[PDB]
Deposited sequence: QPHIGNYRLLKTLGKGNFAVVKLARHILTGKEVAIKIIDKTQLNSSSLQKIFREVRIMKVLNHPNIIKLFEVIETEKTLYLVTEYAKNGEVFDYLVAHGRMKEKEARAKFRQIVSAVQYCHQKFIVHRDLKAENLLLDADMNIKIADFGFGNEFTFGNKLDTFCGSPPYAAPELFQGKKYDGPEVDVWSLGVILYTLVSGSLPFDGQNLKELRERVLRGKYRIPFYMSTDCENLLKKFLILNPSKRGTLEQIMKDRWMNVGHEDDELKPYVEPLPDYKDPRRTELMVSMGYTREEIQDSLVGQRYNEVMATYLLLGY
């Protein structure tokens, strides 16, 4: 049960393409998730998508997005070592506990909106936002996952453009799915449903949904800023951040675009511990400035917890 500096612990998910395992980084003692991809079993276009996802993961550094720590490549197998979100998916938490009170849904939703807006700053569109892709860490903080690697709960989140044959590429697609996510957080149910796809599509294209009796007028006013049939009439996430419901109980701390902190490759506390482990100062610096995502860089990132 061993890959690089990691002790393979248990299986968190399985497939024909990839196996996600829980693991312990031996040097630091931290638990991580490791996606193990047999590249020989991939189709013609699947490896291009996996490589695109790796590229996106390397650039995203947000407290509410699953952080990548290491990439290990061999001819046949690709290993992606990422952050482990102990409390599973928001989807399962909603099934287990029911709807969140607006105060609890607000805490989660401010983190989700911050994360998706931060992706949009770097021209990254998720296109598959759903409760299944929103994970929860040990402190119940949101951790967004899946930027390329299928539709078990995907159709209820699809923007009307999918069913109209129109383009499905802009950030406005994510703005629609975020309205569906807000709806499930506060109701435990989906705004657009059906028995088959024909029934789902009719409801999505009509754009009408039930307002549950307990929903506040402030919450419904916010939902109407996301669930707009015309993609060109949907507001940006930067504009939506200024909404009243978003900031109830955050009168000081208004939600605004995330400002990524500047890189710190010379932390003396971590550099000293790494030198004691056997790494050299030059090994540490070259790995960090080159953004290598190798075992040295991974140890520096893992030591930041």
Numbered from 1 along the deposited sequence, what ranges are absent from the coordinates? 1, 151 to 161
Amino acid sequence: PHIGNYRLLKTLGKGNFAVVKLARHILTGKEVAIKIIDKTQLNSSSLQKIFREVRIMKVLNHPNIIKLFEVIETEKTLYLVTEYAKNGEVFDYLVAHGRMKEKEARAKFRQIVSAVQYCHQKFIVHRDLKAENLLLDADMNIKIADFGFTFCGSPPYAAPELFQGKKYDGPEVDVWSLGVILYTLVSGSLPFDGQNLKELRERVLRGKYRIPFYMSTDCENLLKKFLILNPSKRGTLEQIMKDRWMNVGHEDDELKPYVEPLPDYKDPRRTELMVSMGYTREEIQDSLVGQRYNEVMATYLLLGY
From here on, numbers count along this sequence of modelled residues.
Comparing average C-alpha B factors as deposited, tell me which of 6 to 14 and 291 to 299 sits higher. 6 to 14
The stretch whose C-alpha atoms carry the larger average B-factor in the entry, 244 to 252 or 65 to 73, is 244 to 252
Looking at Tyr168, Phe109, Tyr84, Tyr79, which has the biggest Cα B factor in the entry? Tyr168
In the PDB entry, which of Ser114, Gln195, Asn221, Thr184 has its C-alpha at the highest B-factor? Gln195
Looking at the entry's B-factor column for C-alpha atoms only, identify whether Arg99 ranks in the lowest, middle or highest third of its chain. middle
Using the temperature factors of the C-alpha atoms in this entry, rank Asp137 within its chain: lowest, middle or highest third. lowest
Taking the entry's C-alpha B-factors for this chain, is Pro155 in the lowest, middle or highest third? middle
Classify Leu42 as lowest, middle or highest third according to the C-alpha B-factor given in the PDB entry, relative to its own chain. highest
Within this chain's modelled residues, let me know which third the CA B factor of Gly88 belongs to: lowest, middle or highest. lowest
